[PDB]
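Asks: Chains X, U, V, W and G, in that order, are what the protein sequence lines are.
Note that UniProt numbering has the first sequence beginning at 2, numbered continuously upward.
Note that UniProt numbering has the second sequence beginning at 2, numbered continuously upward.
Note that UniProt numbering has the third sequence beginning at 1, numbered continuously upward.
Note that UniProt numbering has the fourth sequence beginning at 48, numbered continuously upward.
Note that UniProt numbering has the fifth sequence beginning at 1, numbered continuously upward.
For each residue, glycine too, the CB sits at the ideal point set by N, CA and C.
Quick one: this structure, given as structure tokens, is what I'll be asking you about.
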Amino acid sequence: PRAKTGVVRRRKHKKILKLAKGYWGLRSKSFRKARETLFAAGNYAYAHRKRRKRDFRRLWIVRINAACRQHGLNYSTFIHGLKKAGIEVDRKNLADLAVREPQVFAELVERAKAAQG
Amino acid sequence: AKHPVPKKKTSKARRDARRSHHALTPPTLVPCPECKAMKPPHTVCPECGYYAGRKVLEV
Amino acid sequence: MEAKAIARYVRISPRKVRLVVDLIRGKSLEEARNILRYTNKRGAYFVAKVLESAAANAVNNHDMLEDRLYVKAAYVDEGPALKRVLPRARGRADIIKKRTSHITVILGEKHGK
Amino acid sequence: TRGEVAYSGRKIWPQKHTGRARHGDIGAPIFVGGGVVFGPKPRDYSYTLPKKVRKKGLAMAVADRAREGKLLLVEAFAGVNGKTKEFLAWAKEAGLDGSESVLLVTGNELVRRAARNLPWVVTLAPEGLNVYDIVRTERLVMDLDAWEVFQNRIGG
Amino acid sequence: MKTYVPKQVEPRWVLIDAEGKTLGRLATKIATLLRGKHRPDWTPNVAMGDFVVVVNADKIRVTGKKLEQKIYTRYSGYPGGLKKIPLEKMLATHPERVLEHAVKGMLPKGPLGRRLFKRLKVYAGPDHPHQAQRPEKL
RNA sequence: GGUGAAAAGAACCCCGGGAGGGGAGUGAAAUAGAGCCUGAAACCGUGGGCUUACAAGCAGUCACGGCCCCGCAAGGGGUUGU
RNA sequence: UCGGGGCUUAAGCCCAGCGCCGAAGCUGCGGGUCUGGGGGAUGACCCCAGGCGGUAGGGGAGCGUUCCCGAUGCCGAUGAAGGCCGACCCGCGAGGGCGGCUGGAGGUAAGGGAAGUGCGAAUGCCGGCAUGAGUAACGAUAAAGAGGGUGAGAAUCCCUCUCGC
RNA sequence: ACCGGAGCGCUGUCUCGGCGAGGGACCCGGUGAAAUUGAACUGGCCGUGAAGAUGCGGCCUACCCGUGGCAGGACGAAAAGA
RNA sequence: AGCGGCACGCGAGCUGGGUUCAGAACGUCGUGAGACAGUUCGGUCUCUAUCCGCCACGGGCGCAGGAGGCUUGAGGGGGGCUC
């Protein structure tokens, strides 16, 4: 019973090869350095799922505020508005709707304003 | 095999840069007076010549 | 058409001939002739040789005429080499490789109209 | 192993300030043609398994076959002499077409000779009746011979 | 959905004074406009935050004793070559450079924050080159 | 250690000092051309697509965007300015 | 140089109220999982409550290799194995097919046995190829020059004037 | 031709160096290697952190590749600490 | 005729006088082999700078018409003495 080391090695190797193709470095060819790169990239990707979520909620609120500024006052007010007011929803990026069709926004603005007043 | 020692593998790119300065340069030429040949500038083409008539001996 | 010419297994390290061919890499045949014969190398003679033998293969085999001939492709890829053992002080088992090249001038049509 | 290599017993390197690694004699699995670690040798994978146990096997083997009914016990045969022909005709008379199999029990060489060369037909006999053989095939042919024979092996 | 992306909108030009203003809070707003952060059309990687021309920064105000006590430092690579010139003398000779460099420390630093510092034009006059709009602010 | 079922292992011409190629011709295959089966990986290189000359970097990941090619659409791929 | 700028009725400190950002924590929706519980005679299966950071390490399940039985069967000239590729489907995963290209003669299902069984590192073993780099070096400072010859090609081979040790 | 101290003559040992010669080094043609090498898209400052940073923070500086040349460093290579 | 830091600055820049290799000696301890924060004499310090850096010299593009000559000084570097 001889167990030749066969093709298995080069098979899985060409797998990882396919994965890491596109990189720079000798890691764009080196079946070893490539792998290490993949590790890194995978972790980076996960952390960046959660991250990306933060990134966007951020951008959202940035814009939201910009709009609320150009109308009457500042963000924190406005939001304590909706939060208190009534509209117990909005989806912060569906506030970023505000960037398109300012009308409905401004309506919500004066709503949150006249709310806690 | 002494004091100075390359610490790392120079990149193929780096290679190609140090090489980016080489470039097998082209020469230049001029046509031979009262014949059809290409001699270098300010020279006496073997078979051809200047205004005097020297050499000319190619079989 | 395009006339494939070459000379495999010939002495000369790549880098050198590589750069000699790229001196002429795609141009007019007359140009190529004069540049090859009048630049200071040795891969000069080699490449000029294989090139002449390129014009040879398009003149009497394929029909095109040099008038409408220009250098398509060119290269020079390396074969193996010799591996000659050269001694060093303190008796160091030292090897000097002896590289080798494959000049590949092709050439063909000028117009087509 | 690394023991019976026709190589050496000498340390090729010094050990210390070699500049190279640290070994000894070529006969080491790390090296080229050197021996292997634990590898291939002569063994006996076989062992001793209780008669009782395996006897059940014998019995149980036929039992399953008998639980199906594929065993014939003809006192003798019609293809008496040694000829593939007559056994073939008799095989029409038994209906053993050409898509069956003979763990072919019975005790008469002439019978074995006929269906010796047959392919769908292994023939097997009773002196050394083995359960693997009946598993792989199907036709305890026989006389009362091999049944009388069987009985003695498993009666207690 | 999928958050929206502004096209190549129009780089709005603007104008602010300079005088009567704190050094501090001045640039503060100014800068924050180079970023389209005032605009409901802000996008991190695009740079559409307006132009800021400033006028008469020769007469900027500042609190503290600053005026004299406020020193700025420049280091030329050659050793011993840390130069420091007070805000005092930065006013007398080329005074814009105290409004410039101020904003310059109020934006990010990614390549664009540079290109964006370019998107701002300081003068100690008023006066400028009336290019277009530049409708005043406060 | 493996050309090919078989030596049928390349007559002729052509460039060429030869070395080696380029038509012809040999065979199913010359992608079997003579240390020639099947030739993987690094490895050098010919051409093409994308981007790069005010920028500070474990070389990637998230998103936006542009440029290049399949897709009926709506979607996919490669590349990289921020 | 306070993390840098810049803050002086503060962007500093003391006091109080209100407010918003905010982490993978907590809740909402969807999937995998285990451990309990139930309807299941129903194993299957949905539902229900609780749990799933994690080296050494103890523990369970599986992928792939090599051969064997399954092999006088079975697949393969319309092409076996290996490779080139791939944006499609399957399993969370190690993997598995299918599709096209290569190539040429083997491979072996479902179900089971067995072992030299799966490498990235050991200044590891053998092999091949880059690296510095067109750089160091090209064996004594006695020393070279012209004319002519040959031949495809001569500083470098041959012939005489010279010059040197 | 062994190890101290002295004096006399002499002198680029010195003040304190300046010039010249050749053989290298430099460019052109032919040949053309070594140890080292985790990968490199490798800047200073002030901080940091297994206490000595291109890479981490902070700031500032920096158009892309070389050639001659100089050795501070890359805890420089060489020697699995004598 | 300052003091101090900078791997008690500086050996991939020199020195190799000190220092602690193997020889030999004097004192000295030790029966001894040897030994001594004692001493005397002798003692092989490796040519090729790959990256950062630093002194100088260019090539590529740039400078949002094209070419020749003249230039403002943003920002630096030298310089500063004393009897």
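1) Using a cut-off of 8 Å between C-beta atoms, extract the partners of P44 (chain G) located in chain X.
2) I'd like the list of long-range same chain contacts for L107 (chain G), defined as Cβ closer than 8 Å, with 5 residues on each side in sequence excluded.
3) Suppose contacts are defined by Cβ-Cβ distances below 8 Å. Is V100 (chain X) in contact with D41 (chain G) by that definition?
4) Check whether chain U comes within 8 Å of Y38 (chain V), counting only Cβ atoms and requiring the distance to be less than that.
5) Run through the DSSP bridge pairs and tell me what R11 (chain V) is partnered with.
6) For the stretch 114-127 of chain G, enumerate the residues whose C-beta is nearer than 8 Å to any C-beta of chain X, in chain order.
7) Whole-angstrom Cβ separation of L39 (chain X) and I17 (chain X), contact assumed at under 8 Å?
8) Please tell me whether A67 (chain X) and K37 (chain G) are closer than 8 Å, where the distance is taken between their beta carbons.
9) Find the residues of chain U that neighbour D22 (chain V), judging by a C-beta separation of less than 9 Å, and give them in chain order.
10) Buried or exposed: where does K63 (chain W) fall if 16 or more other Cβ atoms within 10 Å of its Cβ makes it buried?
11) Look at the alpha carbon of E35 (chain U) and the alpha carbon of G50 (chain U), and state the distance between them as a whole number of angstroms.
12) How would you label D56 (chain X), buried or exposed, when you count the other beta carbons within 10 angstroms and need 16 or more for buried?
13) Rounded to whole angstroms, how far is the Cβ of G82 (chain X) from the Cβ of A113 (chain X), which I believe are closer than 8 Å?
14) With DSSP collapsed to three states, give me the class of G43 (chain X).
15) Looking at the C-beta of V110 (chain X), does it have a partner C-beta in chain G at a distance below 8 Å?
16) Are the CB atoms of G71 (chain W) and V52 (chain W) nearer to each other than 8 Å?
17) So who's on the other strand from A18 (chain G), going by DSSP bridges?
18) Is there contact here, the stretch 24-41 of chain U with the stretch 48-66 of chain V, by at least three beta-carbon pairs under 8 Å?
19) Leaving out five residues before and five after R159 (chain W) in sequence, what residues of the same chain have Cβ atoms less than 7 Å from its Cβ?
20) For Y9 (chain V), which residues in the same chain have their Cβ closer than 7 Å to its Cβ, ignoring the five residues on either side in sequence?
21) Scan the stretch 80-94 of chain X for residues whose Cβ lies nearer than 7 Å to a Cβ of chain G and list them as they occur along the chain.
22) Could you check the C-alpha separation between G154 (chain W) and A110 (chain W) for me, to the nearest Å?
23) Rounded to a whole number of angstroms, what is the C-alpha to C-alpha distance between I71 (chain G) and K84 (chain G)?
24) Could you tell me whether any Cβ in chain G is nearer than 8 Å to the Cβ of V105 (chain X)?
25) Name the chain U residues whose beta carbon is nearer than 8 Å to that of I96 (chain V)?
26) When the cut-off is 8 Å and only beta carbons count, does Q117 (chain X) lie next to chain G?
27) Have a look at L176 (chain W) and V121 (chain W) and give me their C-alpha separation to the nearest angstrom.
28) Return the first residue and the last residue of the alpha helix (DSSP H) that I181 (chain W) is part of.
29) Which residues mark the beginning and the end of the alpha helix (DSSP H) in which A106 (chain W) is found?
30) Which residues mark the beginning and the end of the beta strand (DSSP E) in which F85 (chain W) is found?
31) On a Cα-Cα basis, can you pick out the residue from V:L82, V:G91, V:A3 that is closest to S13 (chain V)?
32) Can you pull the chain V neighbours of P41 (chain U), defined as C-beta to C-beta under 8 Å?
33) Residue 151 (chain G) bridges to which residues according to DSSP?
34) Taking only three categories from DSSP, how would you classify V45 (chain U)?
35) For the 8 Å Cβ check, are there 3 or more pairs between the stretch 8-27 of chain G and the stretch 118-134 of chain G?
36) Quick one: is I35 (chain V) near chain U, going by C-beta distance under 8 Å?
Replies: Checking against the coordinates, here is how it stands:
1) Result: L60.
2) Short of 8 Å from the beta carbon of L107 (chain G), and not among the five residues preceding or following it, lie these beta carbons of its own chain, in chain order: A31, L34, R35, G113, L116, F117.
3) The answer is yes: Cβ separation under 8 Å.
4) Yes, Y38 (chain V) counts as interfacial toward chain U.
5) Beta bridge pairing from DSSP links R11 (chain V) with V:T100.
6) Answer in chain order: no residues at all.
7) Approximately 7 Å separates the beta-carbon atoms of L39 (chain X) and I17 (chain X); this is inside 8 Å, confirming the contact.
8) A contact, by the Cβ cut-off of 8 Å.
9) Going along chain U in sequence order, the residues near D22 (chain V) (Cβ under 9 Å) are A24, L25.
10) Classification of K63 (chain W): exposed, given that the 10 Å Cβ count is below 16.
11) Going from the Cα of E35 (chain U) to the Cα of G50 (chain U) covers about 9 Å.
12) Exposed: under 16 other Cβ atoms inside 10 Å.
13) Confirmed, Cβ separation roughly 2 Å.
14) If DSSP states are grouped into helix, strand and coil, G43 (chain X) belongs with the helices.
15) So no, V110 (chain X) is outside the interface.
16) The Cβ atoms of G71 (chain W) and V52 (chain W) do not sit closer than 8 Å to each other.
17) Its beta-bridge partners are G:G20.
18) Remark: fewer than three beta-carbon pairs, one from each stretch, lie closer than 8 Å, so the stretch 24-41 of chain U and the stretch 48-66 of chain V are not flagged as touching.
19) Excluding sequence neighbours, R159 (chain W) sits near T170, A172.
20) Closer than 7 Å at Cβ, skipping near neighbours: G79, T100.
21) Those residues of the stretch 80-94 of chain X that come within reach of chain G (Cβ to Cβ, closer than 7 Å) are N94.
22) If you take the alpha carbons of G154 (chain W) and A110 (chain W), they lie about 20 Å apart.
23) The alpha-carbon atoms of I71 (chain G) and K84 (chain G) are separated by roughly 6 Å.
24) For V105 (chain X), no CB of chain G lies under 8 Å from its own CB, so it is not counted at the interface with that chain.
25) By Cβ distance, chain U contributes nothing, its closest Cβ being about 15 Å from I96 (chain V), past 8 Å.
26) No, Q117 (chain X) does not count as interfacial toward chain G.
27) When only Cα atoms are considered, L176 (chain W) and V121 (chain W) end up about 18 Å apart.
28) Boundaries of the alpha helix (DSSP H) around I181 (chain W): 178-183.
29) Secondary structure note for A106 (chain W): its alpha helix (DSSP H) is the uninterrupted segment 98-115.
30) Note, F85 (chain W): premise wrong, no beta strand (DSSP E); not H, not E.
31) Ranking the options by Cα distance to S13 (chain V), first place goes to V:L82.
32) Residues of chain V passing the Cβ test: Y38.
33) Here chain G covers residues 1 to 138 and nothing more, so residue 151 (chain G) does not appear.
34) Here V45 (chain U) carries a coil assignment [DSSP, helix/strand/coil].
35) Of all C-beta pairs linking the stretch 8-27 of chain G to the stretch 118-134 of chain G, three or more are shorter than 8 Å, placing the two stretches in contact.
36) With 8 Å as the cut-off, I35 (chain V) counts as an interface residue toward chain U.
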